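Chemist: Here goes the first bit of my complex:
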Amino acid sequence: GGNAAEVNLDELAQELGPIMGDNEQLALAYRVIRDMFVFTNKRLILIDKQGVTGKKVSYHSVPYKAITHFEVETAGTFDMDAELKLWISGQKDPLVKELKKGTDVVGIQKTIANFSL
Amino acid sequence: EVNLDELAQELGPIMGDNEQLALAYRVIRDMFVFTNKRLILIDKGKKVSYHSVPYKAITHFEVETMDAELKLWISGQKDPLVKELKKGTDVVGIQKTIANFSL
Amino acid sequence: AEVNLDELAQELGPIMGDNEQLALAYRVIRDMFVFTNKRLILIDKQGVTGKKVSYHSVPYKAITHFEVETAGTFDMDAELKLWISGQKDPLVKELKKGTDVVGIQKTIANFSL
Amino acid sequence: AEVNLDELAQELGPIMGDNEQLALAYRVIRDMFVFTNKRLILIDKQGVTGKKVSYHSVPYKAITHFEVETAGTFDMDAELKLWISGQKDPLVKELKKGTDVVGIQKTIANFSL
């Protein structure tokens, strides 16, 4: 449960530009409250903020080449969301993410396939 | 036998722009779908799992045999994917396709 | 002791890749090391000793490192350890006196390095 | 550029590959991050004299994923984590305020993605 909001990629590109690769482009980005899940043409950037003021911030880059396998499991009911599991090389447990209402569930999967296969 | 024209229709939206269905096998009520880029294990109510294993992530594999059992080991992890290939499954075909598409 | 590869190509044909060919093979008691242009296939049988047959395919890129340890003993037995990508524990194979231990090592070198 | 790369190339040359060349370097207080065409070299000094020196090479092809997180009092510092092929635990480097944390991130992106 909870909704994901699409993020404007022109503004995001200006704000992330300094930590982006010279030939990197943004494909897709979602916000969930303060956190962001960013698809570039080279990696996922997972931006997680912690604390009341949200000043404890991490940027976790997951290059697509580190995603060794992945899975989508459809929701059983309208009340539930589909689930994305991403296995990252060297990490035993998958990163599990709810494909919240508001996400392009098929586009997300197509992007991972476009950049990771 | 799996209707590949139909399956290609249903999986079409989650395929890579440069990706196309090649072959599929039924293994019980589940499916092994082979595209040009990955093996998709489709296991089933309204709840289905689509587990993609890119060919480039398969490090080694083994078939032991009577039913057979397939282990597919994946880059960056200890544990294999394990699949029972019961009498009825095209065991030789699955092995040929793994060889053709990964090696 | 020598493996007839023409016969072996015919037996393995159904699981080989369309671009794959056999290069060399070595018998180890009832088991075989089959080197193709793409992979080592370790074929393990129990034969009279059991029901199991295992065809274990190791593409050469997945061999991360390897070791041969020999007995300091009259038996002249050796042991091969193959470490395969993603596993910390080696696949281990006893190579008893009579095995072409040197040959298997040179071939692992030629195909994996 | 933080440092004179022509000088640095002369200094590091003896431990660099014949077809390896320096790209960029960053000071991390008394430590250094040296980016070549093939690896990141972390040059770290220990002790008040800095007599104990380590050169830790991480080839770009071995970096699987990475993370930068805020650290320290009032989140003014940063911590870089580099995960490396074939191991669970990351290489962790503390990047204290004054370091070009943004530049280092861009350069890792440029060389590892």
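Modeler: Thanks, I have the structure now. Numbering: from 1, shown residues only, chains lettered A, B, ... in the order given.
Chemist: can you give me the helices in chain A?
Modeler: Here chain A has its helices, by DSSP state H, at A:9-16, A:105-116.
Chemist: okay, these, which one's buried deepest?
Modeler: helix A:105-116 (a mean of 19; mean count of other Cβ atoms under 10 Å in any protein chain shown). Yep, even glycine has a C-beta here, placed from its N, CA and C like the rest.
Chemist: Could you see whether chain B lies near that helix?
Modeler: Yes - using Cβ under 8 Å from any Cβ of the partner chain, helix A:105-116 reaches chain B at A:106, A:109, A:110, A:113, A:114, A:116.
Chemist: what does stretch A:90-100 give?
Modeler: Yes - remark: stretch A:90-100 sits within contact range of chain B at A:90, A:91, A:92, by Cβ under 8 Å from any Cβ.
Chemist: Contact partners for the residue nearest the centre of chain A?
Modeler: By Cα atoms, centre = their mean, the mean C-alpha position of chain A lies nearest to residue A:37, the distance being 3.2 Å. By Cβ atoms under 8 Å, 6 or more residues apart in numbering or on different chains, residue A:37 lies in contact with A:4, A:29, A:30, A:31, A:44, A:45, A:46, A:47, A:97.
Chemist: okay, those in TSV with neighbour count next?
Modeler: Supplementary listing: the contacts of residue A:37 in TSV, determined by neighbours: other Cβ atoms under 10 Å in any protein chain shown:
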residue	neighbour count
A:4	23
A:29	22
A:30	21
A:31	17
A:44	26
A:45	23
A:46	18
A:47	16
A:97	20
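Chemist: now the residue nearest to the centre of chain A, which residues is it bridged with?
Modeler: Per DSSP bridges, the residues bridged to residue A:37 are residue A:30, residue A:46.
Chemist: what's the burial count for residue A:90?
Modeler: By other Cβ atoms under 10 Å in any protein chain shown, the residues close to residue A:90 number 21.
Chemist: Contacts only, for it.
Modeler: Contact analysis of residue A:90 by Cβ under 8 Å, 6+ apart lists B:76, B:77, D:64, D:83, D:84, D:85, D:86, D:87, D:88.
Chemist: switch the cut-off to 10 Å
Modeler: A:66, A:68, B:75-77, C:86, D:64-65, D:83-90 (Cβ atoms under 10 Å, 6 or more residues apart in numbering or on different chains).
Chemist: Going by residue numbers, what spans are strands in chain A?
Modeler: Applying DSSP state E to chain A gives strands spanning A:5-6, A:26-32, A:35-40, A:43-50, A:56-63, A:67-73, A:82-88, A:95-99.
Chemist: winner for burial among those?
Modeler: Comparing the strands of chain A by mean count of other Cβ under 10 Å gives strand A:67-73 as most buried, with a mean of 23.
Chemist: Leaving aside the residues adjacent along the chain, what's closest to residue A:115?
Modeler: residue A:64 (4.4 Å; Cβ to Cβ, 6 or more residues apart in numbering or on different chains).
Chemist: can you add chain E next? sequence is:
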Amino acid sequence: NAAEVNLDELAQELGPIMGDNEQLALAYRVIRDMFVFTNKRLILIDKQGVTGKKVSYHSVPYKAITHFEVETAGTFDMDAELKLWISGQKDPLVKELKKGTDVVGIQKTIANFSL
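Modeler: Take a look at chain E, now in place beside the chains above:
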């Protein structure tokens, strides 16, 4: 105390397990153990003692070396340790580099063949 090893002699010894296209680059002996750099791999040769009949030949292709480190004790105290991380092995191989070793050349060799 490490001794340098004659490579023409060693090539004759190791030739039967070497790749047809492989060549020896550098080798050190401590008692009867050897650390061999070829152009394709490290070979770690471990014999128990001075006559212990058992021997281990551990081959580490350069591709399996995921990262590596040289740390030195001092500005004038030249003892050094080489650490080599091998894919899938948690602990690094640690080689002490004391008298008789060429610490620069070892580093050059690893850079040339691993990178």
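Chemist: Could you re-examine the contacts of residue A:90 with chain E now present?
Modeler: Applying Cβ under 10 Å, 6+ apart to residue A:90 gives the contacts A:66, A:68, B:75-77, C:86, D:64-65, D:83-90, E:88.
Chemist: Which single residue of chain A ends up nearest chain B?
Modeler: Closest residue of chain A to chain B, Cβ to the nearest Cβ: residue A:89 (3.1 Å).
Chemist: That residue: how many residues sit nearby?
Modeler: Residue crowding around residue A:89 was assessed by other Cβ under 10 Å; the count is 23.
Chemist: Report the closest residue of chain A relative to chain E.
Modeler: Closest approach between chain A and chain E, counting by Cβ to the nearest Cβ: residue A:90, at 9.6 Å.
Chemist: Pop out the phi and psi values for that residue.
Modeler: phi 90, psi -10 (degrees, to the nearest 10).
Chemist: Could you double-check that residue A:16 lies in contact with residue A:26?
Modeler: Yes - assessed by Cβ atoms under 10 Å, residue A:16 is found in contact with residue A:26 at 7.5 Å.
Chemist: Convert the C-alpha atoms of stretch A:35-52 to CSV, please.
Modeler: Output of stretch A:35-52 as CSV, limited to C-alpha atoms (Å, rounded to 0.1, in the frame of the first residue of the first chain):
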residue,chain,number,x,y,z
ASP,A,35,12.8,8.3,-0.9
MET,A,36,13.5,7.9,-4.7
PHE,A,37,14.1,5.1,-7.0
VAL,A,38,15.9,6.3,-10.2
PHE,A,39,16.4,4.4,-13.4
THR,A,40,19.3,5.6,-15.5
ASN,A,41,20.6,4.0,-18.6
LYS,A,42,23.5,2.6,-16.5
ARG,A,43,22.2,1.9,-13.0
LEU,A,44,19.5,2.2,-10.4
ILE,A,45,20.1,5.0,-7.9
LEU,A,46,18.3,4.4,-4.6
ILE,A,47,18.0,7.5,-2.6
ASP,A,48,17.0,6.8,1.0
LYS,A,49,16.6,9.5,3.6
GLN,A,50,16.4,8.9,7.4
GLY,A,51,15.7,10.9,10.5
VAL,A,52,13.0,13.4,11.3
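Chemist: rewinding a little: can you pull the contacts of the residue of chain A closest to chain B?
Modeler: Counting by Cβ under 10 Å, 6+ apart, residue A:89 has contacts A:62-63, A:65-69, B:57, B:74-77, C:86, D:64-65, D:83-86.
Chemist: OK, contacts around the residue at the greatest distance from the centre of chain A?
Modeler: In terms of distance from the mean C-alpha position of chain A, residue A:77 ranks first, at 23.2 Å (Cα atoms, centre = their mean). Residue A:77 is in contact with B:45, B:46, B:47, counting by Cβ under 10 Å, 6+ apart.
Chemist: and of those residues, the nearest to chain D?
Modeler: residue B:47 (29.8 Å).
Chemist: Spatially nearest residue to residue A:113 (excluding sequence neighbours)?
Modeler: Spatial nearest neighbour of residue A:113, chain neighbours left out: residue B:16 (4.0 Å); criterion: Cβ to Cβ, 6+ apart.
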